[PDB]
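We give structure tokens for two forms of one protein chain below, kept apart as structure 1 and structure 2.
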Structure 1
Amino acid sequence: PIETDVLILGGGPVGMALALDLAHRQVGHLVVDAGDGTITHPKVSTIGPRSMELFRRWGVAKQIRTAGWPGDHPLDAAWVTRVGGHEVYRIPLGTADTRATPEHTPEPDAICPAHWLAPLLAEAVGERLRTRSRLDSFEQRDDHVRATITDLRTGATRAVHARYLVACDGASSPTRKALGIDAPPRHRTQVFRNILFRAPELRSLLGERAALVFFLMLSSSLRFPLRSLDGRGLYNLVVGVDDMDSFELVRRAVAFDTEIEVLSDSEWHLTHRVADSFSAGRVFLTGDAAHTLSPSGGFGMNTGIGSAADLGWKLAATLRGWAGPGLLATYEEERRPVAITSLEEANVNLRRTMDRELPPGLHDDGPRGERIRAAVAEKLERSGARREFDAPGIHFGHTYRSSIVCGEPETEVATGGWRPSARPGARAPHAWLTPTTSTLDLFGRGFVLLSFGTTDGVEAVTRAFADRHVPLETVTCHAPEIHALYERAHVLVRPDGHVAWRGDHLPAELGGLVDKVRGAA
């Protein structure tokens, strides 16, 4: 019977993210996955900027960026009648090599299709990953969990003893079901096909017209994205199952007489499900097992990676012994509302496409179809089409309102686009300490107290943390620009990079503050 602190069920992006977070917190763990880490049908390709900030923390951001996506491939989204047909609307998004690094983050989004990401993540996790292994059954005990690890090549079964079991086993989570936890549908389930294909000369023919993603505007079945996966000949076409031959569907979508090789054609379900509970005893749900949503926006894998990072520090805190008895409970308390609002935002992007009218005369050339296209273009812009491709709020703007956060007033009524804020509950904002060091590079270990222009009360804060063995680092900053951004003289940041408390003056009961933020109050 082999034993580990945490047993991770699932070796997809989410499970691997949790493994990386545990390794960087020196927590003993183990990943088991039914597969080798070779994706035959790559699904996801876009990694959001918050996820990249986390990959930067874990030291794999650089290798993700240099993994093979061409620096000169356009990142645009465009709506067209057919690929190589008439163009209706385009959002220019530059290239990797030419776009300006954004002011609010050191890590812009990245393209890394699953068949590059999987081996790259397998490499950084090392031998703690266990491939071709399935979990057949588990049993909860008082101080640990016991599970059955059956080798898929061999057929034989083994036993693992872990303090905690974390289920990252996808949208049809067998773990979730065996716990009796429901995940009701919040919107209609839809059926689509994914056609993966090679088209080696397509990029050359498109030339200036190339895009990261095309939205087709052909028929009721072909109104969905066709995306360039590796920028080197690999593409995926999304086809709706309303109630045709694979090659023929691609031919309809692409108005070039060019080489096309269909690799696979697989059906998938678009679902909107969030679990009623994210844990039961020592068993935790994360990733799709906890929450699935519409990929329209690319929020799904990023929400999972963010949840993995949240669960990660709390598990570590509990195993170290400085956590309060209620800390683990805040995982569901904080992350579940995040899944819900992300789901609903993803569904808005989806409905924009589903409700969009495809008027007659759209495909006809000349002056009349040219006018019709120009009219639709105007309606596309007014519908907020670019929000699907520029959504800082969904990536950076979630604000925790929980029992371990010393929250401020304000309601939830937006007044402008998202803007960086150091308010309690929120992601502490990026700024350049030096040209090489971000404020983000201070976070990710224990708690951090950022003080501007002073060290008053700091010795007291340190003692209060030490008396409960809670890890704390204190940093003094003298940049007025950074002080203005954070708006307060003292800012207390959590192990996950979110603010727990801020103020011009430290509280009188520093012990009460400590117990509060560790989940003991």
Structure 2
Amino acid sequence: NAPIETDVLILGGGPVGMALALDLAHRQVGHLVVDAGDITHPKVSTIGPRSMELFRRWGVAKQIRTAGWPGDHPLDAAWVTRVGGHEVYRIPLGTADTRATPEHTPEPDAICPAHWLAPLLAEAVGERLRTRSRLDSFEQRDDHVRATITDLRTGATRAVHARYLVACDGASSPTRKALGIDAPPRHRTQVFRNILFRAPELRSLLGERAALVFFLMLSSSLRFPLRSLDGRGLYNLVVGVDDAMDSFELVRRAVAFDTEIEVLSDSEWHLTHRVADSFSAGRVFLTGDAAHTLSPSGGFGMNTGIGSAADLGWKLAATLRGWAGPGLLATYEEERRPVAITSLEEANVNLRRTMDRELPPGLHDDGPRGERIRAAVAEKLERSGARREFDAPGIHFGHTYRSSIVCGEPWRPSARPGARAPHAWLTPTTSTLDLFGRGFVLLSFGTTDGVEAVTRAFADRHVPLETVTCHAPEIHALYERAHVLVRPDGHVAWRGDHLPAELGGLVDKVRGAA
């Protein structure tokens, strides 16, 4: 009959669309997610420690850890000639259960394939997720956007009113194409096949030699990962496709065992390096793949999209509540593009590592001449810095925003402006991270002078703000300055042992007004 009314219309029900939905939900912003219900892309099971911190904010981290990934399954990354052949190099990474509890984060990375993450994110989001719904089209108006969604379950079509429209329609984003925004390739496009197969006993056979992922060194086409998706029988084999040999043949090539193998799917997927020239066109925005696609080498892809959705999340709400400066939305691209590009390059440095590593003559050679050749590689491989692909704390946490709303100061955790406020335990159950996520938060160590001042400045502009006084010195040390200001996203916006005189000039700068 009449149009639907919501502030933010999310296009794309994948992890990123859901993340934006969860954060917006926690900021009390009315939204609606439409997913055609009907994405040829890498497989993607890992969730970085930074994304796990965001899900902690949203109360779903636990559900993700108990989703189904077995706790006694290895997390090792192993380089081999074949899965069951000679092992060349290995990075022990323990199991989910028994492993060193991280010191720089309260939430270590996690495993949760799509056939588990999807239902999770769906329930956490609830009714505001309209599955099996297709966007017919969208027209942009002066103060809002108008779309048309067809309920693919009933056939009915419905018009939707919305202050803003955010698209997460993947790397092929129609919305981006429609907005006439381009995303030229930052690096060469390669082709790969994702062979999903089931090996009921593959794990039993391997035993202690199992691994979250196996890097193959068997051929030009078979020198790519073989991952345990659910550590319960499901596996994915990546194989390189020259520019242009059978599914079951290949899998049987990768695995040295004579055990039951059932191929479930075998599909192509382009590996691309594309960052959109723009992240928005007026009232329509772009997140995740639609704005920045990278190589899955390092799992930076999804974390950068979830990291971007969260940034757009509090900037959308702020403009909606009316307290952000008219220039704050513009900062989404100003801060998130450079991160996407930095993560893109590093992902590429991991991809290159694998492509350039030429494979020796008698590598899969048995007995010593071979044991020695393989030993050789195990060293050059480590010399090439393989571990970087799995231990990259600088990509997960190390991203400092240099922008018009961070009073900048001209790996190891820093409370440096534009950076993510470091982790520290205030109590064995509450991390400092747990204070960030709502509105601005002012931290003070020892002193409390000048706080009544800021409290009012922010209050002058309705800018939500919380002030916390902390005491232990370890944290005070870690954060350095006496007064640290954290944005709704948990990144430092300013710090110093003394609050500057005209606070209005400050509040206005951080909210993106002046």
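Each residue is numbered by where it sits in the sequence of structure 1, with counting from 1. Here the rigid core means the biggest group of C-alpha atoms that line up within 1.5 Å when the two forms are laid on top of each other.
Looking at CA displacements between structures 1 and 2 with the core superposed, a shift of 2 Å or more is confined, among 101, 157, 219, 189, to 157. On the core-superposed pair, the CA position of residue 44 changes by 1.5 Å between structures 1 and 2. Note on residue 456: its Cα is shifted 0.6 Å between structures 1 and 2, core used for superposition.
On core superposition, residue 136 has its C-alpha offset by 2.2 angstrom between structures 1 and 2.
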